[PDB]
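Peer 1: Handing you a structure now.
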Amino acid sequence: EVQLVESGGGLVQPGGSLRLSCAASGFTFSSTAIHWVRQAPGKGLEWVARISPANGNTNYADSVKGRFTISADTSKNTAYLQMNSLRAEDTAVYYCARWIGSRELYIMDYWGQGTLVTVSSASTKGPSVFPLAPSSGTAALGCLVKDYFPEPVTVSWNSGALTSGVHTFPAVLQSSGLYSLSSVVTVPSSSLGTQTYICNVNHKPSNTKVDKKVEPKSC
Amino acid sequence: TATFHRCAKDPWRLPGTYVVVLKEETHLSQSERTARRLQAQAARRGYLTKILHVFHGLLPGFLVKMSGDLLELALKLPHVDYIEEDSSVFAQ
Amino acid sequence: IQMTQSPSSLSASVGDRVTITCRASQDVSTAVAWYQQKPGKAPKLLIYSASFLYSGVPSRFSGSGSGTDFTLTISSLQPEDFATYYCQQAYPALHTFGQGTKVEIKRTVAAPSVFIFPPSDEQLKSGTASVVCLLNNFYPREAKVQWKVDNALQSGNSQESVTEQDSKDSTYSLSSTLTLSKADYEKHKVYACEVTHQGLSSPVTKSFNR
Amino acid sequence: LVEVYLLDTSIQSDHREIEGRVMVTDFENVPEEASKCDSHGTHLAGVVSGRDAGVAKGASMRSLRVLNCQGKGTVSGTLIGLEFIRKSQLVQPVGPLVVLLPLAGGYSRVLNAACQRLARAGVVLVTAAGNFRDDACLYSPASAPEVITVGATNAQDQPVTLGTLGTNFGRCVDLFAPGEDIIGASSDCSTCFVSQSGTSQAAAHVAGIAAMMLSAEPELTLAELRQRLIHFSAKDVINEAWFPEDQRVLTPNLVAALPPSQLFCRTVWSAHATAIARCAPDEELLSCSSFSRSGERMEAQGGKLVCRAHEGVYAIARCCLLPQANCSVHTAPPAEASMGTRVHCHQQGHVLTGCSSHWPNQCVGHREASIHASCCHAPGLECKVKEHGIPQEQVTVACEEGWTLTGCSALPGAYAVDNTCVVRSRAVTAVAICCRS
């Protein structure tokens, strides 16, 4: 019954400001130290800053020095991270974790679920589906969920009928500031024509459902 | 003119040990005379005395481990401003 | 402050004695910790104070550590043990984490299935080209993909994407996207995709024409 | 540059958080009784000069063992200890000096004496108020006046309740600082941390803020450092209820905070017939008042003015840091006329800072009472008068943000709460004098 509830996270523009919250339950708040550990998608764990609620004592990461500021409301049992002068690199899953209470100060026994912080100069965009036809033993074919913002998007094949061979690759951020992913399924070269294949793209932010069939060409 | 002093909180008292503070202008040469004088006068009453420390730079005086029976004799000594009975101090 | 984990990825099977090296930025005493994060989950504490086994963390888990060099030891590896492991420098002022170690499942060492796909008409009409070069189910995750246009290398124009290790066949897949303008596209014939893997005798190339 | 002398238990010198920061001196004087011996001391050294958790993160420290393994010392031990410091101060004279006494004994005539003699040598003495939930004035070095006495506050800036007891209070407590569940260097291991409570923690915190201040300005006086420690402390954060009604007025509602880097004033209460409330040697008395639970004069004493009050009454002095000031007190005896008893700062450029009544730039008292006026001259000293009347128990008048209260009074007891003048009874007009740069 010990938990660190994480809230406040979302989308913000570069140079902007953002406030986050860490709701501590099931333990003497003042007694412990609370840290913030962020993590960029493909990257590892980076400790950003800590606090000791009774003392009010803090320490930050040189990376985040002067921009981010930890505060703690002992009355409301909440730890906050004020993220001003935000950069693009600051895009990460923000975790808050409590100190084990003994030994080395950075020992984080309990961690929160994480709150997503996305920071870029981009406005909500829907993707445009493009087919990947065979013949330019086994011959695959797929779709191309290209240029969209933010995240996520579900790629189901024939409204939850085809689970086998469905390799829906992770979304990749382009030099444009938009995502591009791939979703494919391996099918026999004999079946190319006899069976129909349509990918159901589900971009929830823009509320768009683009369904496209995959048929072969000549050259 | 010479006053005895002890801790108000009785369990904190450490009798048998006393800090003898002399008047402001008293210099080291006299503190040693006064300690010898105390030791000597106390020897006459058949009491054993041990001068622990002789103060200077911060205060004029000495720290003495002696019987509480010698305080009458001790306050009557020259240069003595006041005598305090050593007590206990604690980590907070 | 640089804290280095070795290896960046190790592959082994259930029951094996797994070991992960850790080099602290300086003599950090026993001020080390080990954390386990599963994809999409928050990290979980395993070892602290270099050798102390945190409550409920299976006895499989061992922690060794001098002053600079430290080592996590997963005696008799398990299916739920297949995860990403972080080192932690819990030393005053200088606090860091290691790069992370992915404890990978070793399988059979199988060759990929390469599939080249040219850009669609509806996409090329908007003035954008996307050259797709697939790779289906392979081991190791290690593979080098080149883009040869009339036998010439390409720099700063292709982005890759790897699927997270399969549960079924337990194998990897790759989707490299070479993106360029329609103007630079209408001046070339061959768009070869030289794929190099360990389970390949000769580097298999997939080509098409405009 | 700022050396912080620590007289406590032994310290775990090695501890990676205070390594090379602290120096262990060859002084030991502890009464007869292993990691637990370093415990209290190490944690405090961490609180002061800690690399991660320290207030004055860089600060150089020096430790003297005066407490044993159960943190029990002697008045003599401490005395000899402070003497060691005085003797070392004469051998290789160190820069700005802060002396940390995170300890408490009963009231000691000799220790307060030792502390004052050492403080007069320009040494900043910071001490714990005591964890006995009592008037600090009954403990030493707590009761000492030249020593900065520190009470402990919890996470909600309220007073620490230590077991069945808690933080000490009273007119001897200079200010309050966090002293509950403090994370600092733990002797359990070279890299271990722990949460400890008590007024020691509070003292150590302030000792750090003091060290910080002298790093920035080594020439600061104890009186200057005190006034600033008061000025930049968080005000009215403590719910006065935790203290006895008796001790509430006397207890400062200050919670220590780092002063960033002008006229500073402070209220000085006396002990309960004549009562005397005195200012620091480099401080000027700009006002005097008094108070009784039921129902005052500014006199000279050894070339320095003092607030004198006539069950018992408290002499309430207003002590200020007024650079280059020619101050004088002019007194006019009872006139017995219906107009009243009057006195004015007849000189030019000489402003009225405060009034004192006992039985523009003018004091008006009752016909039967003698009237005293505080007339000061300082480079560019403006002095407003703010009044407040209501048709009661307590009326309050306060200086505007930029004005320092120099003198609180009741129009014919009364006292100054920070920059607020309070008048107490059972139209009630309160008079405050506000002065400026």
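Residue numbers start at 1 in each chain; chains themselves are named A, B, ... in the order of the structure tokens; ligands are numbered from 1 in the order shown.
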Need the shell around region 62-75 of chain C: protein/DNA/RNA residues with any atom at most 6 Å away, counting only C-alpha atoms. Skip same-chain ones fewer than 5 positions apart. Format as a list in words?
Peer 2: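 Listing them by chain and then by number gives residues 17, 18, 19, 20, 21, 22, 23, 24, 26, 27, 28, 29, 50 and 51 of chain C.
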Peer 1: Limited to N, CA, C and O atoms, could you put the picked residues into a file as a compact mmCIF listing (two decimals), in the first residue's frame?
Peer 2:
# COMPACT_ATOMS: atom_id res chain seq x y z
N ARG C 17 24.47 -19.05 -15.81
CA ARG C 17 24.94 -18.07 -14.83
C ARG C 17 25.29 -16.82 -15.61
O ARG C 17 26.27 -16.81 -16.37
N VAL C 18 24.48 -15.79 -15.46
CA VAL C 18 24.66 -14.53 -16.16
C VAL C 18 25.43 -13.56 -15.27
O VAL C 18 25.25 -13.54 -14.05
N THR C 19 26.34 -12.80 -15.88
CA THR C 19 27.18 -11.82 -15.21
C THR C 19 27.20 -10.45 -15.97
O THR C 19 27.24 -10.42 -17.20
N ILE C 20 27.12 -9.33 -15.22
CA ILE C 20 27.15 -7.99 -15.82
C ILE C 20 28.17 -7.14 -15.08
O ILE C 20 28.05 -6.92 -13.88
N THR C 21 29.16 -6.65 -15.81
CA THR C 21 30.25 -5.82 -15.31
C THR C 21 29.82 -4.36 -15.08
O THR C 21 29.00 -3.83 -15.85
N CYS C 22 30.43 -3.69 -14.09
CA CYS C 22 30.15 -2.27 -13.89
C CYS C 22 31.34 -1.46 -13.37
O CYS C 22 31.87 -1.75 -12.30
N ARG C 23 31.70 -0.41 -14.13
CA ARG C 23 32.79 0.49 -13.79
C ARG C 23 32.25 1.85 -13.45
O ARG C 23 31.62 2.52 -14.27
N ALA C 24 32.50 2.24 -12.19
CA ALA C 24 32.12 3.50 -11.59
C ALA C 24 33.11 4.58 -12.06
O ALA C 24 34.23 4.26 -12.47
N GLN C 26 34.79 6.60 -10.29
CA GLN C 26 35.86 6.71 -9.28
C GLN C 26 35.64 5.74 -8.13
O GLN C 26 34.61 5.07 -8.15
N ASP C 27 36.56 5.66 -7.11
CA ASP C 27 36.34 4.79 -5.94
C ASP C 27 35.06 5.28 -5.28
O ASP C 27 34.98 6.41 -4.78
N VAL C 28 34.03 4.46 -5.38
CA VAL C 28 32.68 4.74 -4.95
C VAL C 28 32.29 3.82 -3.78
O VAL C 28 31.12 3.74 -3.41
N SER C 29 33.30 3.18 -3.15
CA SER C 29 33.16 2.23 -2.05
C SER C 29 32.23 1.06 -2.51
O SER C 29 32.55 0.36 -3.49
N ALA C 50 25.90 -2.53 -2.97
CA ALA C 50 26.69 -3.45 -3.79
C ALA C 50 26.41 -4.95 -3.58
O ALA C 50 26.52 -5.70 -4.55
N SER C 51 26.04 -5.40 -2.37
CA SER C 51 25.83 -6.83 -2.10
C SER C 51 24.52 -7.16 -1.39
O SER C 51 24.21 -8.35 -1.20
Peer 1: Return as a PyMOL selection string the full set of residues in chain B whose backbone-based DSSP assignment is strand (DSSP E).
Peer 2: chain B and resi 3-5+13-22+49-55+61-66+80-91
Peer 1: Residues of the last selection are to be written out with C-alpha atoms, as a compact mmCIF listing (two decimals), in the first residue's frame.
Peer 2:
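Just written: result_13.txt:
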# COMPACT_ATOMS: atom_id res chain seq x y z
CA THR B 3 29.32 32.79 45.30
CA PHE B 4 28.76 29.07 44.93
CA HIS B 5 26.77 27.85 41.90
CA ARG B 13 24.83 17.70 38.95
CA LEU B 14 28.34 16.22 39.17
CA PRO B 15 29.52 17.12 42.72
CA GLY B 16 33.11 16.62 43.87
CA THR B 17 34.27 18.65 40.80
CA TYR B 18 34.29 22.48 40.75
CA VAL B 19 35.31 25.28 38.36
CA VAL B 20 36.87 28.09 40.39
CA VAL B 21 36.51 31.42 38.55
CA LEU B 22 38.65 34.31 39.67
CA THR B 49 42.86 17.67 46.35
CA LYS B 50 43.62 17.34 42.63
CA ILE B 51 43.89 20.41 40.38
CA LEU B 52 42.73 19.16 37.01
CA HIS B 53 43.11 22.24 34.80
CA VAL B 54 44.39 25.82 35.05
CA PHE B 55 42.46 28.27 32.89
CA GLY B 61 40.90 30.22 37.15
CA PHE B 62 41.11 26.46 37.60
CA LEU B 63 39.19 23.16 37.58
CA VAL B 64 39.51 21.19 40.85
CA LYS B 65 38.45 17.66 41.87
CA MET B 66 37.88 18.00 45.63
CA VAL B 80 37.82 34.11 43.81
CA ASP B 81 34.88 35.73 41.95
CA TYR B 82 32.60 32.59 42.15
CA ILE B 83 32.69 28.73 42.17
CA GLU B 84 30.47 26.54 40.04
CA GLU B 85 29.91 22.79 40.65
CA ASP B 86 30.62 20.90 37.37
CA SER B 87 27.51 19.44 35.68
CA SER B 88 26.41 17.36 32.64
CA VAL B 89 25.82 18.51 29.04
CA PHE B 90 23.98 16.43 26.41
CA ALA B 91 23.84 15.80 22.63
Peer 1: Can you work out which residues from chain A touch chain D at a cut-off of 7 Å (counting only C-alpha atoms) and hand them back as JSON, numbers by chain?
Peer 2: {"A": [30, 31, 52, 53, 54, 55, 57, 59, 74, 102, 103, 104, 105]}
Peer 1: Can those selected residues be exported to a file as a compact mmCIF listing (two decimals), in the first residue's frame so that it contains C-alpha atoms?
Peer 2:
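After the write, selection.txt holds the following:
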# COMPACT_ATOMS: atom_id res chain seq x y z
CA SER A 30 8.85 14.13 5.44
CA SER A 31 11.02 11.18 6.62
CA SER A 52 14.34 15.80 1.31
CA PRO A 53 10.80 17.14 2.24
CA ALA A 54 11.43 18.15 5.91
CA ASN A 55 14.80 19.95 5.31
CA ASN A 57 17.13 20.15 0.84
CA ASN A 59 20.25 18.45 -5.49
CA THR A 74 4.32 18.22 3.07
CA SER A 102 18.88 3.84 4.74
CA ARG A 103 22.37 3.24 3.25
CA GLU A 104 23.21 5.31 0.09
CA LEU A 105 20.79 8.21 -0.55
Peer 1: Please, which residues of chain A lie no more than 8 Å from chain C when the count uses only C-alpha atoms, and can they be set out as number ranges by chain?
Peer 2: A: 44-47, 59, 95, 103-114, 130-134, 136, 139-140, 167-172, 174, 181-182, 219
Peer 1: Write out as a PDB file with C-alpha atoms, in the first residue's frame which residues come within 12 Å of residue 331 (chain D) when counting only C-alpha atoms, dropping same-chain ones fewer than 5 positions away.
Peer 2:
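What follows is the written file out-v6.pdb:
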ATOM      1  CA  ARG D 297      12.665  54.795  30.716  1.00  0.00           C
ATOM      2  CA  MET D 298      15.707  54.940  28.350  1.00  0.00           C
ATOM      3  CA  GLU D 299      18.791  55.408  30.583  1.00  0.00           C
ATOM      4  CA  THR D 341       4.060  66.221  29.021  1.00  0.00           C
ATOM      5  CA  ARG D 342       6.058  67.016  25.851  1.00  0.00           C
ATOM      6  CA  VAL D 343       9.656  66.687  24.554  1.00  0.00           C
ATOM      7  CA  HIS D 344      11.124  67.138  21.027  1.00  0.00           C
ATOM      8  CA  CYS D 345      14.378  66.560  19.081  1.00  0.00           C
ATOM      9  CA  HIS D 346      15.130  70.303  19.210  1.00  0.00           C
ATOM     10  CA  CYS D 355       9.429  57.420  22.817  1.00  0.00           C
ATOM     11  CA  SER D 356       9.423  56.186  26.473  1.00  0.00           C
ATOM     12  CA  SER D 357       6.806  57.159  29.084  1.00  0.00           C
ATOM     13  CA  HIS D 358       7.147  56.389  32.835  1.00  0.00           C
ATOM     14  CA  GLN D 362       7.704  65.147  19.589  1.00  0.00           C
ATOM     15  CA  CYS D 363       6.572  62.650  22.301  1.00  0.00           C
ATOM     16  CA  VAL D 364       3.262  63.391  24.092  1.00  0.00           C
ATOM     17  CA  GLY D 365       2.535  61.555  27.370  1.00  0.00           C
ATOM     18  CA  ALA D 369       4.409  61.096  33.795  1.00  0.00           C
ATOM     19  CA  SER D 370       8.040  61.878  32.777  1.00  0.00           C
ATOM     20  CA  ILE D 371       8.604  61.677  28.974  1.00  0.00           C
ATOM     21  CA  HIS D 372      11.793  60.307  27.218  1.00  0.00           C
ATOM     22  CA  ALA D 373      12.595  60.691  23.479  1.00  0.00           C
ATOM     23  CA  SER D 374      15.186  58.871  21.298  1.00  0.00           C
ATOM     24  CA  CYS D 375      16.884  61.435  19.029  1.00  0.00           C
TER      25      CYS D 375
END
Peer 1: Any idea what the distance is between CA of residue 149 (chain A) and CA of residue 165 (chain A)?
Peer 2: 26.8 Å
Peer 1: When the cut-off is 8 Å and we count only C-alpha atoms, which residues of chain D are near chain B, given as JSON, numbers by chain?
Peer 2: {"D": [8, 9, 40, 67, 71, 72, 73, 74, 75, 76, 80, 83, 86, 87, 102, 103, 104, 105, 106, 107, 108, 109, 110, 114, 117, 118, 128, 130, 131, 198, 199, 200, 201]}
Peer 1: Could you save those same residues with C-alpha atoms as a CSV table (one decimal), in the first residue's frame?
Peer 2:
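Below you can see selection13.csv, which holds the result:
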chain,number,residue,atom,x,y,z
D,8,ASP,CA,30.3,17.4,19.9
D,9,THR,CA,30.8,13.6,19.8
D,40,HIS,CA,25.5,12.4,16.2
D,67,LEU,CA,30.5,14.4,24.3
D,71,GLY,CA,26.5,12.1,23.9
D,72,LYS,CA,27.2,13.0,27.5
D,73,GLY,CA,29.7,15.7,28.3
D,74,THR,CA,30.7,18.1,31.1
D,75,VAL,CA,30.4,21.9,31.6
D,76,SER,CA,34.2,21.7,32.3
D,80,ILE,CA,38.2,23.7,28.3
D,83,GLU,CA,39.3,27.6,25.7
D,86,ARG,CA,40.5,30.7,22.0
D,87,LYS,CA,44.1,29.3,22.4
D,102,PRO,CA,24.9,21.3,19.4
D,103,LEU,CA,24.5,20.6,23.1
D,104,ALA,CA,22.5,21.4,26.3
D,105,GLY,CA,23.2,21.4,30.0
D,106,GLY,CA,21.5,23.2,32.8
D,107,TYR,CA,22.0,26.9,33.3
D,108,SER,CA,25.8,27.6,33.6
D,109,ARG,CA,27.1,30.9,34.9
D,110,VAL,CA,30.7,30.0,33.8
D,114,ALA,CA,33.0,31.6,28.5
D,117,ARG,CA,34.1,36.3,26.4
D,118,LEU,CA,34.6,34.2,23.2
D,128,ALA,CA,20.8,24.1,20.1
D,130,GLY,CA,17.4,22.0,23.8
D,131,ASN,CA,14.9,19.2,23.3
D,198,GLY,CA,16.5,17.5,17.6
D,199,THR,CA,17.6,21.1,18.1
D,200,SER,CA,21.2,20.1,17.2
D,201,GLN,CA,20.0,19.5,13.7
